[PDB]
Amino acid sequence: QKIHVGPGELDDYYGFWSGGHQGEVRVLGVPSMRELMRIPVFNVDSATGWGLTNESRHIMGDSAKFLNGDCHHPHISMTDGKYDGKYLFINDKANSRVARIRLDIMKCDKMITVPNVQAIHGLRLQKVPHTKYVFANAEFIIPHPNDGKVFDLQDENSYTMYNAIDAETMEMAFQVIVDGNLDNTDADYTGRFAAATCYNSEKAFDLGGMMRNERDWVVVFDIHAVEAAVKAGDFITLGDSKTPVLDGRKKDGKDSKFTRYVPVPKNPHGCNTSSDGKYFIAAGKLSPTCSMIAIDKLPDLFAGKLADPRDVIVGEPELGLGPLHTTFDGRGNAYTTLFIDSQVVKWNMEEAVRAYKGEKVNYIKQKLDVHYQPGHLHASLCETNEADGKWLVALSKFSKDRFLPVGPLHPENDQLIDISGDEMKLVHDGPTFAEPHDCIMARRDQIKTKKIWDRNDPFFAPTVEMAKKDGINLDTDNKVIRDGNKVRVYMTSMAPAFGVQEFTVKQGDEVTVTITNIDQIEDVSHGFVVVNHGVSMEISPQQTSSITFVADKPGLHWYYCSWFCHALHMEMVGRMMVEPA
């Protein structure tokens, strides 16, 4: 199978990698494993001015004050259990956010901070009938209200919540209070059920305490029952949030009608739905197993028709040491990372189910050594009913000697594995920065990208609205609007000249520069940097970008195009002249 993409040739799949602790999203070509684009999300990017521009800061809201993020889980919007290629969503663990990327422009266009929670970790998407909800985990137990009066985790009102976000609006839709905590999550192929893993059912703060129970659980959610309760107006609110809050804890040994708790050993981690829709598969982590829950049996569990919640367990196969995550080939095989054994294990799901019933059978097909200590793994289209069993990426945490020494900080090793055959063949070691935990692959024909910006694009629609209030037509105009010590420069840009090449202001004036790239040629980006003022942004073809800064320094100050756009690029410059105070 394939492997080398020589000059002129194109990759077959897009990869969307999390940037990890660095905070961005990265687009790669598969199987070349080359990075094609960096998508700034929670990081501040000097190149594009994400985190610096008015458009980007507006999307971020108040969280624009944070220079950091921590992502793990990129996921693509679906329709009928199939990628529709409209949206990618990703978590921020550091500052408790969920972000949307529009796959047509390859930019983050929505960002929300989840209210009344701490640490958005696990995140996956509703599959069916489509991605109406972004389900997202809040990992850490906190007091409610968190005012510094109560610190106890055991306190009745100390808990965390499972979060649902409207995918289209990017507003909270509801929250569910749970016992224990939440790690990872996934969703069924009907839209009625979602599940999440929990490693801290003990509600402990110390290391030994979190490991005390032999089993924790995966909590199952009846999303339909939840929605009906929100609709009937049976919910509460907390503090300053309008978000409907539902109670999915167990009261006095009896289930809330929103949730079921299926005990699972031990500090489980991964929570993955098989591509046939049959199973939620929890990776056992401290237990050398996966637990297979049958979605088939879930209606009966919620209709109180099953004696023990363990009855929905249909398979609990032994796999090896340190199972973290599971993916699928769409041929009936599951593939699990074993962190401690440092392997990917390939196993037949339906044979494990047989084994659980006592049938004598070898469900393990193969173990492949990886280098080293795999966390997540991802097989192409695994999260869809179209899982194609072609490629597998295993993202390993310790690269040791697999790449040249680069000092005491090492890269992660994301290894491309051929899975189209009976035998898994390691094909490529891919060094990556700042620990992408997980990734997702899409067919090339599943992604449709704008070649150039449309002038009515929502991304800078507010900046367009500001321009009309000024009677400024962005497509044509090159003017300076003055309003107190506010200065609003509006300009066209065209390789190799700025539409406005000089302007004068007073020391202390607040300057906003709005640039519209009127070039029609694809790939002709411009940039705008103001020297010694910490101002930098990108303006791609047919885009409008704006940036606000203070001219605290008197004198002549140069602004230049940062993007090489033309033979006379070095000369694409202008002058801001600041009068003394």
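Residue numbers run from 1 along the displayed sequence.
Stretch comparison (27-35 versus 535-543) by mean CA B-factor in the PDB entry places 535-543 on top.
On average the C-alpha atoms of 505-513 have higher B-factors than those of the other stretch, with 505-513 and 71-79 being the two compared. Note on 529, 41, 47, 551: the highest value goes to 551, judged by CA B factor as recorded. The residue among 107, 390, 488, 93 whose C-alpha carries the highest B-factor in the deposited model is 488. Ranked within its chain, residue 234 lands in the highest third, by CA B factor from the PDB record. For residue 205, the recorded CA temperature factor ranks within the highest third of the chain's modelled residues. Residue 221: CA B factor lies in the middle third for its chain, per the PDB record. In this PDB entry, the Cα temperature factor of residue 265 sits in the bottom third of its chain's modelled residues, the lowest group. Looking at the C-alpha B-factors along this chain, the one for residue 332 belongs to the lowest third.
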